[PDB]
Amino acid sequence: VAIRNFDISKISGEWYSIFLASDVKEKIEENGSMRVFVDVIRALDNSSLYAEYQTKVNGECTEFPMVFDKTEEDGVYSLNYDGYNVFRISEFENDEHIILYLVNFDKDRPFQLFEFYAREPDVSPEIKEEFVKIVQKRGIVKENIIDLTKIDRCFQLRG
C-alpha cells in the first residue's frame, strides 16, 4: 500500500526486473522495445541516472545502457528511447522494491507501462498481489501483466 518517493541516494547498484505491464501488450512481448531487464543503476553527476539493461533480440541476449534525465518534479524523469518517455520511480512498500510508472508520448500510439524492480530476483506472493491490484486500478488488464521471473532474463550477462 505504501508507495512513496524513492530516496535516490539508495538507488544505485544491482536490481532485477520482476514484472512488466502495459496497455499496449506488444511493447512488452517478445521483441517489443520495452521487454527489457534491468541490471544496474548508477547515479551520475548532474542528477541523471544511468542503467544497464539486458534484452533478447531474436532469441539472443544483449545489453545496452539508458540514461534518465531529472525533470523539475521529484521522482520524475524523462528518457529518449523508442520516442519520448516520462515516468516516476517510487519505492514500493520499502526501499528494496521500486514501482515505475511510465508513459511514451508517441503521437499515434502512446501507452502506459509499469516496471517493478527488486533487489532480489523473485518476490513474495503478497508483493505480487499488491502489484497487480495497483496496475488494475490504472485500468490495465491482468492479461497484460507479464511475470518476468518465469522467463529468461539473460542472467548470464549480469555484471
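Throughout, we count residues from 1 along the sequence that is shown.
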| query | finding |
| --- | --- |
| Mean C-alpha temperature factor, higher of 1-9 and 148-156 | 1-9 |
| Entry-level comparison of average CA B-factors, 134-142 and 12-20, reporting the higher stretch | 134-142 |
| Highest recorded Cα temperature factor - choice among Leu102, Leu44, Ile41, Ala118 | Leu44 |
| Ranked C-alpha temperature factor of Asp108 among modelled chain residues, by third | highest |
| Chain-wide C-alpha B factor ranking for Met66, given as lowest, middle or highest third | lowest |
| Among modelled residues of the same chain, the CA temperature factor third for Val36 | lowest |
| Record-listed C-alpha B factor of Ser90: chain third | middle |
| Ranked against its chain, the third holding the CA B-factor of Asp122 | middle |
